[PDB]
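Visitor: My questions will all concern the structure given below.
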Amino acid sequence: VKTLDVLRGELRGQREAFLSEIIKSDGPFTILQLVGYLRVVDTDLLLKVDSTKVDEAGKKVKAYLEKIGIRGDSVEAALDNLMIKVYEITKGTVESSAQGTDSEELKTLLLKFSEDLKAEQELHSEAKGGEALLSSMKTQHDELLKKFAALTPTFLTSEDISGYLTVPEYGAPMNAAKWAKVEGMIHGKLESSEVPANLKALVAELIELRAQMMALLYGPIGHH
């Protein structure tokens, strides 16, 4: 019962449900939920989902964000902003650029985000063995990218660019821009007329594994 296809189906159902939560929400979102939506768009980009429905839900996200007073052009830029803003708090990094000014209570909101993520982070790190889970993450994602780099023709680039944790810790810094570039190329290829088999299967496994992985990764406690 439940094979990879079904898991794919579940993934879609889960993210659609998440997306439905998002479009239904007009109010607050939790950091896990924000990053959750980030993973919605992560895999729903290459799944080539309704851009307007995701825009709408994202507009509700922008609405919330801008409601507290966080300015963001659209979800990509807003989430990018938020990512910088969370790790700003988490690591004490200074702001690169966020186009809108903060306020202490906004940073207190970012503080909840950073600390909530931090809490769920260690909680799950205990309950499900964080290092163990992360090792599974790393290994399987290594497997995947390794095959992507081993197989030709490849459209991805070397360690120069991939100098980031593709599958990082619950609350570890990840380069969303460069990721959006490579994923963007994946999407760009997946909107192309070339249909590969093994390569596309690897792509699919990358998609499906990363989706499951993060779904599990950002799962409260370690499932209910």
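Naming scheme: A, B, ... for chains in displayed order of the structure tokens; residues 1 onward per chain; ligands 1 onward as shown.
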Mind running segment 95-144 of chain A against segment 168-178 of chain A at 9 Å and telling me each contacting residue's nearest atom pair with the distance in Å (one decimal), counting only C-alpha atoms, chain and number ascending, as CSV?

Guide:
residue,atom,partner,partner_atom,distance
A:114,CA,A:171,CA,7.9
A:117,CA,A:171,CA,6.2
A:118,CA,A:171,CA,6.5
A:120,CA,A:170,CA,8.1
A:121,CA,A:170,CA,5.4
A:122,CA,A:170,CA,8.6
A:124,CA,A:170,CA,8.8
A:125,CA,A:170,CA,8.8
A:130,CA,A:169,CA,8.2
A:131,CA,A:169,CA,8.9
A:134,CA,A:169,CA,6.8
A:137,CA,A:168,CA,8.3
A:138,CA,A:168,CA,8.1

Visitor: Would you put the residues from that selection into a file with N, CA, C and O atoms, as a tab-separated table (two decimals), in the first residue's frame?

Guide:
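This went into out26.tsv:
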chain	number	residue	atom	x	y	z
A	114	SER	N	12.30	32.61	14.09
A	114	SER	CA	13.60	32.03	14.27
A	114	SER	C	13.63	31.07	15.47
A	114	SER	O	14.13	29.94	15.35
A	117	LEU	N	11.27	27.93	14.93
A	117	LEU	CA	11.96	27.04	14.04
A	117	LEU	C	13.08	26.33	14.81
A	117	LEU	O	13.28	25.15	14.65
A	118	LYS	N	13.78	27.09	15.65
A	118	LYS	CA	14.86	26.58	16.50
A	118	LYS	C	14.33	25.50	17.47
A	118	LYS	O	14.97	24.43	17.68
A	120	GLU	N	11.34	23.73	17.23
A	120	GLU	CA	10.84	22.58	16.49
A	120	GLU	C	12.04	21.79	15.94
A	120	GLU	O	12.02	20.57	15.85
A	121	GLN	N	13.11	22.54	15.66
A	121	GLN	CA	14.36	22.00	15.15
A	121	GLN	C	14.91	20.98	16.11
A	121	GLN	O	15.04	19.81	15.76
A	122	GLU	N	15.20	21.41	17.34
A	122	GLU	CA	15.78	20.49	18.31
A	122	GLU	C	14.80	19.43	18.78
A	122	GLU	O	15.19	18.30	19.06
A	124	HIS	N	12.42	17.95	16.99
A	124	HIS	CA	12.42	16.92	15.98
A	124	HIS	C	13.79	16.22	15.95
A	124	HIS	O	13.87	15.00	15.76
A	125	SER	N	14.87	17.00	16.21
A	125	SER	CA	16.22	16.44	16.26
A	125	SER	C	16.35	15.38	17.35
A	125	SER	O	17.15	14.46	17.25
A	130	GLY	N	17.76	13.94	14.67
A	130	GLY	CA	18.09	14.96	13.69
A	130	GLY	C	19.26	14.61	12.83
A	130	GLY	O	19.16	14.65	11.60
A	131	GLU	N	20.37	14.23	13.45
A	131	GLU	CA	21.57	13.85	12.71
A	131	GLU	C	21.33	12.65	11.81
A	131	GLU	O	21.85	12.58	10.70
A	134	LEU	N	19.06	13.84	8.95
A	134	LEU	CA	19.90	14.69	8.12
A	134	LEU	C	20.89	13.85	7.29
A	134	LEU	O	21.18	14.17	6.14
A	137	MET	N	18.88	12.46	4.53
A	137	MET	CA	18.65	13.60	3.64
A	137	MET	C	19.84	13.79	2.72
A	137	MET	O	19.72	13.74	1.49
A	138	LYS	N	20.99	13.96	3.34
A	138	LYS	CA	22.25	14.22	2.66
A	138	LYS	C	22.59	13.10	1.69
A	138	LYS	O	22.93	13.36	0.56

Visitor: Show which residues sit within 12 Å of residue 149 of chain A, as a list in words. Count only C-alpha atoms, and ignore same-chain residues fewer than 3 positions away.

Guide: residues 142, 143, 144, 145, 146, 152, 153, 154, 155, 156, 157, 158, 159, 162, 199, 202 and 203 of chain A

Visitor: Do a neighbour search on segment 97-105 of chain A at 12 Å with only C-alpha atoms, toss out local chain neighbours closer than 4 positions, and write the hits as a list in words.

Guide: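 The contact residues come out as residues 65, 66, 68, 69, 70, 71, 72, 73, 77, 78, 79, 80, 81, 82, 83, 84, 85, 86, 88, 89, 93, 109, 110, 111 and 112 of chain A.
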
Visitor: Write to file, as a tab-separated table (two decimals), in the first residue's frame, the residues of the selection just made, with N, CA and C atoms.

Guide:
chain	number	residue	atom	x	y	z
A	65	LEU	N	2.23	39.60	5.63
A	65	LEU	CA	3.54	40.16	5.76
A	65	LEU	C	3.47	41.67	5.75
A	66	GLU	N	2.79	42.23	4.79
A	66	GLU	CA	2.68	43.66	4.66
A	66	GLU	C	1.75	44.22	5.76
A	68	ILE	N	1.84	43.23	8.89
A	68	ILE	CA	2.74	43.57	10.00
A	68	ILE	C	3.70	44.67	9.55
A	69	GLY	N	3.92	44.72	8.26
A	69	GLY	CA	4.69	45.79	7.67
A	69	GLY	C	5.95	45.32	7.02
A	70	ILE	N	5.87	44.17	6.44
A	70	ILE	CA	6.96	43.63	5.71
A	70	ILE	C	6.65	43.72	4.24
A	71	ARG	N	7.41	44.53	3.56
A	71	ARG	CA	7.21	44.78	2.17
A	71	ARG	C	7.95	43.76	1.32
A	72	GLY	N	7.26	43.23	0.34
A	72	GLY	CA	7.81	42.24	-0.54
A	72	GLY	C	7.08	42.28	-1.85
A	73	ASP	N	7.82	42.32	-2.95
A	73	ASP	CA	7.26	42.46	-4.31
A	73	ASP	C	6.27	41.36	-4.63
A	77	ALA	N	10.35	37.16	-3.75
A	77	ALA	CA	11.13	38.23	-3.17
A	77	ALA	C	10.82	38.38	-1.70
A	78	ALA	N	9.57	38.15	-1.35
A	78	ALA	CA	9.11	38.26	0.02
A	78	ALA	C	9.72	37.16	0.87
A	79	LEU	N	9.68	35.95	0.37
A	79	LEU	CA	10.24	34.81	1.08
A	79	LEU	C	11.73	34.90	1.16
A	80	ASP	N	12.33	35.33	0.07
A	80	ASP	CA	13.78	35.63	0.03
A	80	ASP	C	14.14	36.61	1.15
A	81	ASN	N	13.31	37.63	1.25
A	81	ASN	CA	13.44	38.70	2.25
A	81	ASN	C	13.36	38.08	3.64
A	82	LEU	N	12.30	37.32	3.85
A	82	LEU	CA	12.03	36.63	5.12
A	82	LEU	C	13.15	35.72	5.51
A	83	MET	N	13.65	34.98	4.55
A	83	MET	CA	14.79	34.07	4.79
A	83	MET	C	15.96	34.86	5.35
A	84	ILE	N	16.30	35.95	4.66
A	84	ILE	CA	17.36	36.83	5.12
A	84	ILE	C	17.04	37.35	6.53
A	85	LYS	N	15.79	37.76	6.72
A	85	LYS	CA	15.31	38.29	7.99
A	85	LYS	C	15.33	37.29	9.14
A	86	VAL	N	15.02	36.05	8.87
A	86	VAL	CA	15.07	35.04	9.90
A	86	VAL	C	16.52	34.79	10.30
A	88	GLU	N	18.99	36.57	9.80
A	88	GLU	CA	19.47	37.84	10.36
A	88	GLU	C	19.39	37.72	11.89
A	89	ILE	N	18.26	37.22	12.38
A	89	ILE	CA	18.02	37.10	13.80
A	89	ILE	C	18.81	35.93	14.36
A	93	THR	N	23.40	38.24	11.65
A	93	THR	CA	23.88	38.80	10.41
A	93	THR	C	23.19	40.15	10.19
A	109	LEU	N	8.60	39.38	15.73
A	109	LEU	CA	7.86	38.44	14.92
A	109	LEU	C	8.88	37.49	14.24
A	110	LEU	N	9.98	38.06	13.78
A	110	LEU	CA	11.05	37.29	13.13
A	110	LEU	C	11.73	36.43	14.17
A	111	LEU	N	11.66	36.90	15.37
A	111	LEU	CA	12.18	36.26	16.53
A	111	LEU	C	11.37	35.04	16.85
A	112	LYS	N	10.05	35.16	16.79
A	112	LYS	CA	9.21	34.00	16.97
A	112	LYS	C	9.51	33.01	15.89

Visitor: DSSP on the backbone, then: every residue of segment 176-206 of chain A marked helix (DSSP H, G or I), written as a ChimeraX atom specification.

Guide: /A:176-190,198-206

Visitor: Within 8 Å of residue 22 of chain A, counting only C-alpha atoms, which residues show up once you throw out same-chain ones fewer than 6 positions away? Write them as a ChimeraX atom specification, please.

Guide: /A:37,57-58,60-61

Visitor: Excluding residue 223 of chain A and any residue of its chain fewer than 6 positions from it, enumerate the residues within 10 Å of it, using only C-alpha atoms, and give them as JSON, numbers by chain.

Guide: {"A": [124, 127, 128, 215, 216, 217]}

Visitor: Keeping only C-alpha atoms, write the selected residues as a short mmCIF file (atom, residue, chain, number, x, y, z; two decimals), in the first residue's frame.

Guide:
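part-v1.cif written:
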data_model
loop_
_atom_site.label_atom_id
_atom_site.label_comp_id
_atom_site.auth_asym_id
_atom_site.auth_seq_id
_atom_site.Cartn_x
_atom_site.Cartn_y
_atom_site.Cartn_z
CA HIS A 124 12.42 16.92 15.98
CA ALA A 127 12.23 12.78 18.56
CA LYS A 128 13.33 11.54 15.14
CA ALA A 215 7.61 17.36 4.60
CA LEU A 216 9.07 15.04 7.10
CA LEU A 217 11.78 17.58 8.07
#

Visitor: If you count only C-alpha atoms, which residues fall within 8 Å of residue 210 of chain A, apart from same-chain ones fewer than 4 positions away, as a VMD selection string?

Guide: chain A and resid 141 167 206 214

Visitor: Tell me which protein, DNA and RNA residues are within 8 Å of residue 211 of chain A, counting only C-alpha atoms, leaving out same-chain ones fewer than 3 positions away, and put them as a PDB file with N, CA, C and O atoms, in the first residue's frame.

Guide:
ATOM      1  N   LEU A  11       1.845  13.848  -1.780  1.00  0.00           N
ATOM      2  CA  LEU A  11       2.623  15.062  -1.776  1.00  0.00           C
ATOM      3  C   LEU A  11       1.851  16.168  -2.392  1.00  0.00           C
ATOM      4  O   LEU A  11       1.797  17.268  -1.852  1.00  0.00           O
ATOM      5  N   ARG A  39       8.312  25.411   0.497  1.00  0.00           N
ATOM      6  CA  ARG A  39       8.543  24.115  -0.086  1.00  0.00           C
ATOM      7  C   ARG A  39       7.397  23.749  -1.051  1.00  0.00           C
ATOM      8  O   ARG A  39       7.609  22.984  -2.010  1.00  0.00           O
ATOM      9  N   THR A  43       8.539  22.666  -4.894  1.00  0.00           N
ATOM     10  CA  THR A  43       8.221  21.574  -5.762  1.00  0.00           C
ATOM     11  C   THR A  43       7.030  21.852  -6.710  1.00  0.00           C
ATOM     12  O   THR A  43       6.914  21.215  -7.766  1.00  0.00           O
ATOM     13  N   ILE A 207      12.599  15.427  -6.982  1.00  0.00           N
ATOM     14  CA  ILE A 207      11.407  16.172  -6.665  1.00  0.00           C
ATOM     15  C   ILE A 207      10.677  15.516  -5.511  1.00  0.00           C
ATOM     16  O   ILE A 207      10.501  16.098  -4.436  1.00  0.00           O
ATOM     17  N   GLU A 208      10.314  14.300  -5.738  1.00  0.00           N
ATOM     18  CA  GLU A 208       9.542  13.520  -4.822  1.00  0.00           C
ATOM     19  C   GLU A 208      10.272  13.257  -3.506  1.00  0.00           C
ATOM     20  O   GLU A 208       9.664  13.354  -2.427  1.00  0.00           O
ATOM     21  N   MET A 214      11.503  17.201   3.091  1.00  0.00           N
ATOM     22  CA  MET A 214      11.127  18.436   3.761  1.00  0.00           C
ATOM     23  C   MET A 214       9.802  18.343   4.467  1.00  0.00           C
ATOM     24  O   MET A 214       9.604  18.996   5.483  1.00  0.00           O
ATOM     25  N   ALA A 215       8.900  17.547   3.947  1.00  0.00           N
ATOM     26  CA  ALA A 215       7.612  17.361   4.596  1.00  0.00           C
ATOM     27  C   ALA A 215       7.822  16.701   5.930  1.00  0.00           C
ATOM     28  O   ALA A 215       7.206  17.068   6.931  1.00  0.00           O
TER      29      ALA A 215
END
